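Participant: Below you'll find the structure I mean.
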Amino acid sequence: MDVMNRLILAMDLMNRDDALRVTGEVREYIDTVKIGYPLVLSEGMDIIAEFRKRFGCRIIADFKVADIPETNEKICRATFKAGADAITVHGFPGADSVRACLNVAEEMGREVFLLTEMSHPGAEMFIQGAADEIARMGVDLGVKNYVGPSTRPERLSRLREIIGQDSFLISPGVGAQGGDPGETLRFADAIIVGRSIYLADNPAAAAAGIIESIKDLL
Amino acid sequence: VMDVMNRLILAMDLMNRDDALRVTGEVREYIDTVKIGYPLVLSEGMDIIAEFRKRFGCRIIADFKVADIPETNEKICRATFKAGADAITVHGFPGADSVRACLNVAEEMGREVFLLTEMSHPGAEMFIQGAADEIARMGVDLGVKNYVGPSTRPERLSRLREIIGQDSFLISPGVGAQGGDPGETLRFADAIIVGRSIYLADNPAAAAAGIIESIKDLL
Ligand SMILES: O=c1cc(O)n([C@@H]2O[C@H](COP(=O)(O)O)[C@@H](O)[C@H]2O)c(=O)[nH]1
Ligand SMILES: O=c1cc(O)n([C@@H]2O[C@H](COP(=O)(O)O)[C@@H](O)[C@H]2O)c(=O)[nH]1
């Protein structure tokens, strides 16, 4: 996956007008947008097609699928019908649940991103201790795309070690949560950035600034 | 706690609005509590919650298994409650801050959180099962009153009931299609969740009635 400027916009604004306006303001800097439940549950799944129509960007549906296999299949089917290019999936619920998503993605010509360790403090309680094993599970299952935490570069580096250089790794927690763009790109292929851009006084300048700081990495 | 008619909650996971409405309408005399998840919501929109309220006068549990960072969790809960859901399900495995974020919104908005502890499917054994007792204990410490646990593992459902105590509310999926028994499950759970056994039946009303007949002495 070829992500422009190694930068993925996390569009978690919950108003259609604002989400489209801000995305439009930074369109020259990105070609990949992560759309999650905040926007989708506020504005409907039709928002995905609207983004493709307006920007032609790739869309990662960040739904962190975390149900039983039978339900996971339905969620993936509905999500890809709406035009998402990829979907995020929790690994914690186990291999059968991940495989359900992989099956639908294969059928519909899409990608699964396996979420291993999360970026927030609570991830330390249960997820972190399982994360290496979740990553190995991904490798066993043939998963090629992964998500890991900007806020813990030592953990992000470990995840990269496990999945290898051929796998694709994207990483949230940059900016607002404290992660550094350049340090994160030592290990991740692309960074995910939400609030630092979409809540900025000037989102275009925010995006441009981030890219300037990583210019030697592009 | 919510007063669930016949101790039976319909898992409405049909993805077509017309079929979902038909089947729910057919079993409405038996069930006043419906669980609506992402299969139906992602297919038909959050307005489906509105349509169910308008048509049936059933309580709605939004089974969204919220599993994000605290800030995103808050947004998901707000949007879900804005749409009219009585309650939302939340994963415990992302940790206490993520659960607390949901509890705070539910408190502010006058609604309820159901904490998902152990899951019912085979994959749950890999990571969730080993964390489930602690997730439950965490829920108790956080003041969580409502919980979800697995019909497919009676021994685990029993232990989870012990941890949360008799005053907590416990609902349990995995009944029917996944192999769990209605009566056995109601030894521990306040209500059973049933999806395919009802909604794929040639006569969903007869299917619901049959389940209820089988647990009549437990009502
Ligand atoms: O571990 C993770 C996994 C995520 O998907 N995310 C997501 O990435 C985005 C981070 O946005 P922000 O830059 O505003 O912190 C949010 O949409 C969040 O749900 C995360 O923050 N941590
Ligand atoms: O551990 C769990 C938690 C659930 O919410 N569920 C949900 O409960 C329902 C079970 O439906 P069914 O009776 O068709 O197996 C589905 O909506 C599923 O997503 C589950 O099966 N196991």
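Residue numbering restarts at 1 for every chain of the structure tokens, chains are lettered A, B, ... in their displayed order, and ligands are numbered from 1 as they appear.
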With a cut-off of 9 Å, could you pull out the residues of chain B touching ligand 2 and give me the nearest pair of atoms for each, distance in Å to one decimal, using only C-alpha atoms and all ligand atoms, ordered by chain and ascending number, as a Markdown table?
Facilitator:
```
| residue | atom | partner | partner_atom_place_in_ligand_line | distance |
| --- | --- | --- | --- | --- |
| B:10 | CA | ligand 2 | 13 (O) | 8.2 |
| B:11 | CA | ligand 2 | 17 (O) | 5.1 |
| B:12 | CA | ligand 2 | 17 (O) | 6.9 |
| B:13 | CA | ligand 2 | 17 (O) | 5.9 |
| B:35 | CA | ligand 2 | 17 (O) | 7.4 |
| B:36 | CA | ligand 2 | 17 (O) | 7.6 |
| B:37 | CA | ligand 2 | 17 (O) | 6.3 |
| B:38 | CA | ligand 2 | 19 (O) | 8.6 |
| B:39 | CA | ligand 2 | 17 (O) | 8.4 |
| B:63 | CA | ligand 2 | 5 (O) | 6.4 |
| B:64 | CA | ligand 2 | 5 (O) | 8.4 |
| B:65 | CA | ligand 2 | 5 (O) | 7.4 |
| B:89 | CA | ligand 2 | 5 (O) | 7.9 |
| B:116 | CA | ligand 2 | 3 (C) | 7.0 |
| B:117 | CA | ligand 2 | 1 (O) | 8.0 |
| B:118 | CA | ligand 2 | 1 (O) | 6.3 |
| B:119 | CA | ligand 2 | 1 (O) | 3.1 |
| B:120 | CA | ligand 2 | 1 (O) | 3.9 |
| B:121 | CA | ligand 2 | 22 (N) | 6.3 |
| B:124 | CA | ligand 2 | 1 (O) | 8.0 |
| B:148 | CA | ligand 2 | 3 (C) | 6.9 |
| B:149 | CA | ligand 2 | 1 (O) | 6.3 |
| B:150 | CA | ligand 2 | 1 (O) | 5.5 |
| B:151 | CA | ligand 2 | 1 (O) | 8.3 |
| B:152 | CA | ligand 2 | 1 (O) | 8.9 |
| B:172 | CA | ligand 2 | 2 (C) | 7.5 |
| B:173 | CA | ligand 2 | 8 (O) | 4.7 |
| B:174 | CA | ligand 2 | 15 (O) | 5.0 |
| B:175 | CA | ligand 2 | 13 (O) | 5.5 |
| B:176 | CA | ligand 2 | 13 (O) | 5.9 |
| B:177 | CA | ligand 2 | 15 (O) | 5.1 |
| B:178 | CA | ligand 2 | 15 (O) | 5.3 |
| B:179 | CA | ligand 2 | 15 (O) | 8.5 |
| B:193 | CA | ligand 2 | 8 (O) | 6.3 |
| B:194 | CA | ligand 2 | 13 (O) | 4.0 |
| B:195 | CA | ligand 2 | 13 (O) | 3.4 |
| B:196 | CA | ligand 2 | 14 (O) | 3.7 |
| B:197 | CA | ligand 2 | 13 (O) | 6.0 |
| B:198 | CA | ligand 2 | 13 (O) | 7.8 |
| B:199 | CA | ligand 2 | 14 (O) | 8.0 |
| B:200 | CA | ligand 2 | 14 (O) | 8.6 |
```
Participant: Please list as a JSON list (two decimals) with N, CA and C atoms, in the first residue's frame every residue within 10 Å of residue A:47, counting only C-alpha atoms and excluding residues in the same chain fewer than 2 positions away.
Facilitator:
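File written: part13.json
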```
[["chain", "number", "residue", "atom", "x", "y", "z"],
["A", 16, "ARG", "N", -20.64, 15.99, 9.15],
["A", 16, "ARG", "CA", -20.30, 15.79, 7.75],
["A", 16, "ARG", "C", -19.67, 17.03, 7.11],
["A", 19, "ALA", "N", -16.15, 17.50, 8.52],
["A", 19, "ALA", "CA", -15.26, 16.42, 8.09],
["A", 19, "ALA", "C", -14.82, 16.58, 6.64],
["A", 20, "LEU", "N", -15.76, 16.97, 5.78],
["A", 20, "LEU", "CA", -15.47, 17.17, 4.36],
["A", 20, "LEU", "C", -14.60, 18.41, 4.15],
["A", 35, "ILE", "N", -11.44, 6.32, 8.44],
["A", 35, "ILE", "CA", -12.76, 6.71, 8.92],
["A", 35, "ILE", "C", -13.22, 5.69, 9.95],
["A", 39, "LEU", "N", -17.41, 9.13, 13.01],
["A", 39, "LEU", "CA", -18.02, 9.76, 11.84],
["A", 39, "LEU", "C", -19.14, 8.91, 11.25],
["A", 40, "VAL", "N", -18.89, 7.61, 11.10],
["A", 40, "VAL", "CA", -19.87, 6.71, 10.51],
["A", 40, "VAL", "C", -21.18, 6.60, 11.30],
["A", 42, "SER", "N", -22.40, 8.87, 13.21],
["A", 42, "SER", "CA", -23.02, 10.19, 13.19],
["A", 42, "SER", "C", -23.62, 10.53, 11.83],
["A", 43, "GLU", "N", -22.99, 10.07, 10.76],
["A", 43, "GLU", "CA", -23.39, 10.50, 9.42],
["A", 43, "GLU", "C", -23.81, 9.40, 8.45],
["A", 44, "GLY", "N", -23.59, 8.15, 8.83],
["A", 44, "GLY", "CA", -23.99, 7.03, 8.00],
["A", 44, "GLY", "C", -22.85, 6.45, 7.18],
["A", 45, "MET", "N", -23.03, 5.21, 6.75],
["A", 45, "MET", "CA", -22.01, 4.54, 5.96],
["A", 45, "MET", "C", -21.85, 5.15, 4.56],
["A", 49, "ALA", "N", -18.50, 6.46, 0.51],
["A", 49, "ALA", "CA", -18.63, 6.74, -0.92],
["A", 49, "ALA", "C", -18.47, 8.23, -1.21],
["A", 50, "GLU", "N", -18.98, 9.07, -0.32],
["A", 50, "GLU", "CA", -18.85, 10.52, -0.49],
["A", 50, "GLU", "C", -17.37, 10.93, -0.51],
["A", 51, "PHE", "N", -16.57, 10.36, 0.39],
["A", 51, "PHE", "CA", -15.14, 10.65, 0.39],
["A", 51, "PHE", "C", -14.45, 10.19, -0.89],
["A", 52, "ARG", "N", -14.82, 9.01, -1.38],
["A", 52, "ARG", "CA", -14.23, 8.49, -2.62],
["A", 52, "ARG", "C", -14.61, 9.37, -3.81],
["A", 53, "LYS", "N", -15.85, 9.85, -3.81],
["A", 53, "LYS", "CA", -16.32, 10.72, -4.88],
["A", 53, "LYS", "C", -15.58, 12.06, -4.88],
["A", 82, "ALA", "N", -19.93, -0.77, 1.55],
["A", 82, "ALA", "CA", -19.95, 0.69, 1.63],
["A", 82, "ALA", "C", -18.75, 1.32, 0.92],
["A", 83, "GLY", "N", -17.82, 0.49, 0.47],
["A", 83, "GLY", "CA", -16.69, 0.98, -0.30],
["A", 83, "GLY", "C", -15.37, 1.16, 0.43]]
```
Participant: At a cut-off of 6 Å around ligand 1, and using only C-alpha atoms and all ligand atoms, what residues come up? Please write them as an MDAnalysis selection string.
Facilitator: (chainID A and resid 10 12 118:119 149 172:177 193:195) or (chainID B and resid 68:69 72)
Participant: Dump N, CA, C and O atoms for the selected residues as a compact mmCIF listing (two decimals), in the first residue's frame?
Facilitator:
```
# COMPACT_ATOMS: atom_id res chain seq x y z
N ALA A 10 -6.69 10.60 10.42
CA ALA A 10 -7.76 10.00 11.20
C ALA A 10 -8.90 11.00 11.29
O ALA A 10 -8.86 11.94 12.07
N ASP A 12 -11.94 11.87 12.61
CA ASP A 12 -12.89 11.59 13.69
C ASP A 12 -13.79 12.77 14.06
O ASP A 12 -14.41 12.77 15.13
N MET A 118 -2.43 -1.54 21.52
CA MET A 118 -3.04 -0.22 21.43
C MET A 118 -2.20 0.85 22.11
O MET A 118 -1.32 0.55 22.94
N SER A 119 -2.51 2.11 21.80
CA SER A 119 -1.65 3.23 22.18
C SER A 119 -1.94 3.89 23.53
O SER A 119 -1.11 4.64 24.03
N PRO A 149 1.51 0.82 18.35
CA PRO A 149 1.41 2.10 19.06
C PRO A 149 2.61 3.05 18.94
O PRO A 149 3.73 2.70 19.30
N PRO A 172 -0.93 4.78 15.16
CA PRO A 172 -1.62 5.93 15.75
C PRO A 172 -1.00 6.31 17.09
O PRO A 172 -0.19 5.55 17.65
N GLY A 173 -1.40 7.46 17.62
CA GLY A 173 -0.88 7.97 18.86
C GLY A 173 0.14 9.07 18.65
O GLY A 173 0.84 9.45 19.59
N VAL A 174 0.23 9.57 17.42
CA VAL A 174 1.17 10.64 17.06
C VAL A 174 0.53 11.99 17.33
O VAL A 174 -0.60 12.25 16.91
N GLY A 175 1.25 12.86 18.03
CA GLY A 175 0.74 14.20 18.30
C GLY A 175 0.00 14.28 19.62
O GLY A 175 0.61 14.33 20.70
N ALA A 176 -1.32 14.30 19.55
CA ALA A 176 -2.14 14.43 20.75
C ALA A 176 -1.78 13.44 21.86
O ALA A 176 -1.73 13.81 23.03
N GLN A 177 -1.53 12.18 21.51
CA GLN A 177 -1.25 11.17 22.53
C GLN A 177 0.22 11.12 22.95
O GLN A 177 0.58 10.38 23.86
N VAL A 193 -2.62 10.28 12.07
CA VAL A 193 -2.72 11.53 12.82
C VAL A 193 -4.14 12.05 12.75
O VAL A 193 -4.67 12.25 11.65
N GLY A 194 -4.75 12.26 13.92
CA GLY A 194 -6.10 12.79 14.01
C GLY A 194 -6.11 14.23 14.52
O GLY A 194 -5.97 15.16 13.72
N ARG A 195 -6.28 14.40 15.82
CA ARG A 195 -6.50 15.72 16.42
C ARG A 195 -5.46 16.79 16.10
O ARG A 195 -5.81 17.96 15.94
N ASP B 68 -12.08 0.87 21.72
CA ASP B 68 -11.12 1.87 21.24
C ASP B 68 -10.42 2.57 22.42
O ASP B 68 -10.57 2.15 23.57
N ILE B 69 -9.66 3.63 22.13
CA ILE B 69 -9.02 4.44 23.17
C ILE B 69 -10.13 5.27 23.84
O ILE B 69 -11.22 5.41 23.29
N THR B 72 -11.99 8.08 21.74
CA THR B 72 -12.86 7.59 20.67
C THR B 72 -14.05 6.87 21.26
O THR B 72 -15.17 7.01 20.75
```
Participant: I'd like the neighbourhood of residue B:183 as a VMD selection string, where a residue qualifies if any of its atoms comes within 9 Å (using only C-alpha atoms), though same-chain residues fewer than 5 positions away should be ignored.
Facilitator: chain B and resid 214 to 215 218
Participant: Tell me, counting only C-alpha atoms, for each residue of chain A within 6 Å of chain B, which pair of atoms is nearest and how far apart they are in Å to one decimal, in rows ordered by chain and increasing number, as JSON lines.
Facilitator:
```
{"residue": "A:38", "atom": "CA", "partner": "B:76", "partner_atom": "CA", "distance": 5.4}
{"residue": "A:42", "atom": "CA", "partner": "B:79", "partner_atom": "CA", "distance": 5.9}
{"residue": "A:44", "atom": "CA", "partner": "B:45", "partner_atom": "CA", "distance": 5.8}
{"residue": "A:68", "atom": "CA", "partner": "B:121", "partner_atom": "CA", "distance": 5.9}
{"residue": "A:74", "atom": "CA", "partner": "B:39", "partner_atom": "CA", "distance": 5.4}
{"residue": "A:75", "atom": "CA", "partner": "B:39", "partner_atom": "CA", "distance": 5.1}
{"residue": "A:78", "atom": "CA", "partner": "B:43", "partner_atom": "CA", "distance": 5.7}
{"residue": "A:92", "atom": "CA", "partner": "B:127", "partner_atom": "CA", "distance": 5.9}
{"residue": "A:93", "atom": "CA", "partner": "B:124", "partner_atom": "CA", "distance": 5.4}
{"residue": "A:94", "atom": "CA", "partner": "B:123", "partner_atom": "CA", "distance": 4.3}
{"residue": "A:95", "atom": "CA", "partner": "B:123", "partner_atom": "CA", "distance": 5.9}
{"residue": "A:96", "atom": "CA", "partner": "B:123", "partner_atom": "CA", "distance": 5.5}
{"residue": "A:120", "atom": "CA", "partner": "B:69", "partner_atom": "CA", "distance": 5.9}
{"residue": "A:122", "atom": "CA", "partner": "B:95", "partner_atom": "CA", "distance": 4.3}
{"residue": "A:123", "atom": "CA", "partner": "B:94", "partner_atom": "CA", "distance": 5.5}
{"residue": "A:125", "atom": "CA", "partner": "B:95", "partner_atom": "CA", "distance": 5.7}
{"residue": "A:126", "atom": "CA", "partner": "B:93", "partner_atom": "CA", "distance": 5.9}
```
Participant: Taking the backbone alone, and naming residues the way the document does, which bits of stretch 6-63 of chain A are alpha helix (DSSP H) by DSSP, as a VMD selection string?
Facilitator: chain A and resid 16 to 25 37 to 43 46 to 55
Participant: Kindly export the residues of the current selection with C-alpha atoms, as a PDB file, in the first residue's frame.
Facilitator:
```
ATOM      1  CA  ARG A  16     -20.297  15.793   7.749  1.00  0.00           C
ATOM      2  CA  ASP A  17     -19.735  19.443   6.784  1.00  0.00           C
ATOM      3  CA  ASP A  18     -16.679  19.820   9.032  1.00  0.00           C
ATOM      4  CA  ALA A  19     -15.257  16.423   8.095  1.00  0.00           C
ATOM      5  CA  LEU A  20     -15.467  17.168   4.363  1.00  0.00           C
ATOM      6  CA  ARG A  21     -14.148  20.719   4.760  1.00  0.00           C
ATOM      7  CA  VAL A  22     -11.123  19.709   6.837  1.00  0.00           C
ATOM      8  CA  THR A  23     -10.307  16.726   4.634  1.00  0.00           C
ATOM      9  CA  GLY A  24     -10.525  19.038   1.618  1.00  0.00           C
ATOM     10  CA  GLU A  25      -8.122  21.478   3.282  1.00  0.00           C
ATOM     11  CA  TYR A  37     -17.226   4.890  14.138  1.00  0.00           C
ATOM     12  CA  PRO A  38     -17.348   8.514  15.372  1.00  0.00           C
ATOM     13  CA  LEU A  39     -18.019   9.762  11.837  1.00  0.00           C
ATOM     14  CA  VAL A  40     -19.873   6.705  10.506  1.00  0.00           C
ATOM     15  CA  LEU A  41     -22.328   6.450  13.440  1.00  0.00           C
ATOM     16  CA  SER A  42     -23.023  10.191  13.192  1.00  0.00           C
ATOM     17  CA  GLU A  43     -23.393  10.503   9.419  1.00  0.00           C
ATOM     18  CA  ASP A  46     -22.734   6.612   2.827  1.00  0.00           C
ATOM     19  CA  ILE A  47     -19.947   8.952   3.993  1.00  0.00           C
ATOM     20  CA  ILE A  48     -17.361   6.485   2.656  1.00  0.00           C
ATOM     21  CA  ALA A  49     -18.626   6.740  -0.923  1.00  0.00           C
ATOM     22  CA  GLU A  50     -18.849  10.516  -0.488  1.00  0.00           C
ATOM     23  CA  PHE A  51     -15.137  10.652   0.394  1.00  0.00           C
ATOM     24  CA  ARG A  52     -14.230   8.487  -2.622  1.00  0.00           C
ATOM     25  CA  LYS A  53     -16.321  10.724  -4.884  1.00  0.00           C
ATOM     26  CA  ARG A  54     -14.805  13.955  -3.567  1.00  0.00           C
ATOM     27  CA  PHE A  55     -11.170  13.001  -2.945  1.00  0.00           C
TER      28      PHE A  55
END
```
Participant: From the list B:111, B:187, B:159, B:59, which residue is nearest residue B:146 when using only C-alpha atoms?
Facilitator: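 Among B:111, B:187, B:159, B:59, it is B:111 that comes nearest to residue B:146.
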Participant: What lies within 8 Å of residue A:5 using only C-alpha atoms, ignoring chain neighbours under 6 positions off, as a list in words?
Facilitator: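 These residues fall inside the cut-off: residues 29, 30, 211 and 218 of chain A.
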Participant: Would you mind exporting the chosen residues as an mmCIF file, in the first residue's frame, restricted to N, CA and C atoms?
Facilitator:
```cif
data_model
loop_
_atom_site.group_PDB
_atom_site.id
_atom_site.type_symbol
_atom_site.label_atom_id
_atom_site.label_comp_id
_atom_site.auth_asym_id
_atom_site.auth_seq_id
_atom_site.Cartn_x
_atom_site.Cartn_y
_atom_site.Cartn_z
ATOM 1 N N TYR A 29 -2.004 16.871 0.760
ATOM 2 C CA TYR A 29 -0.961 16.228 1.565
ATOM 3 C C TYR A 29 -1.180 14.739 1.792
ATOM 4 N N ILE A 30 -2.397 14.259 1.543
ATOM 5 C CA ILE A 30 -2.713 12.860 1.818
ATOM 6 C C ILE A 30 -3.467 12.186 0.676
ATOM 7 N N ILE A 211 4.723 17.047 7.893
ATOM 8 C CA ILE A 211 5.457 16.544 6.745
ATOM 9 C C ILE A 211 6.857 17.168 6.652
ATOM 10 N N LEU A 218 10.878 10.735 3.520
ATOM 11 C CA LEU A 218 9.946 10.531 2.417
ATOM 12 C C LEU A 218 10.660 10.193 1.112
#
```
Participant: For residue A:60, please output as a list in words all residues within 7 Å (counting only C-alpha atoms; exclusion window: fewer than 4 positions along the same chain).
Facilitator: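 Neighbouring residues, sequence-local ones excluded: residues 33, 34, 35, 84, 85, 86 and 87 of chain A.
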Participant: Have a look at atom CA of residue B:112 and atom CA of residue B:86 and let me know their distance in Å, one decimal.
Facilitator: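 The value is 6.6 Å.
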Participant: Restricting the calculation to only C-alpha atoms, which member of A:155, A:110, A:215, A:136 is positioned closest to residue A:7?
Facilitator: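 Checking each candidate against residue A:7, we get A:215 as the closest.
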Participant: Need the shell around residue A:153: protein/DNA/RNA residues with any atom at most 12 Å away, counting only C-alpha atoms. Skip same-chain ones fewer than 3 positions apart. Format as number ranges by chain?
Facilitator: A: 117-119, 148-150, 156-160, 171-174, 178-188
Participant: Skip residue A:73 itself and residues of its chain fewer than 5 positions away, then list as number ranges by chain all residues within 7 Å of it, counting only C-alpha atoms.
Facilitator: A: 100-101, 104
Participant: When you draw a straight line from atom CA of residue B:204 to atom CA of residue B:115, how long is it in Å?
Facilitator: 28.4 Å
Participant: Give the strand (DSSP E) residues of chain A, as assigned by DSSP on the backbone, as an MDAnalysis selection string.
Facilitator: chainID A and resid 7:11 32:36 58:65 86:90 111:115 145:147 168:171 190:193
Participant: How many Å lie between atom CA of residue A:206 and atom CA of residue A:56, rounded to one decimal?
Facilitator: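 Between atom CA of residue A:206 and atom CA of residue A:56 the gap is 21.8 Å.
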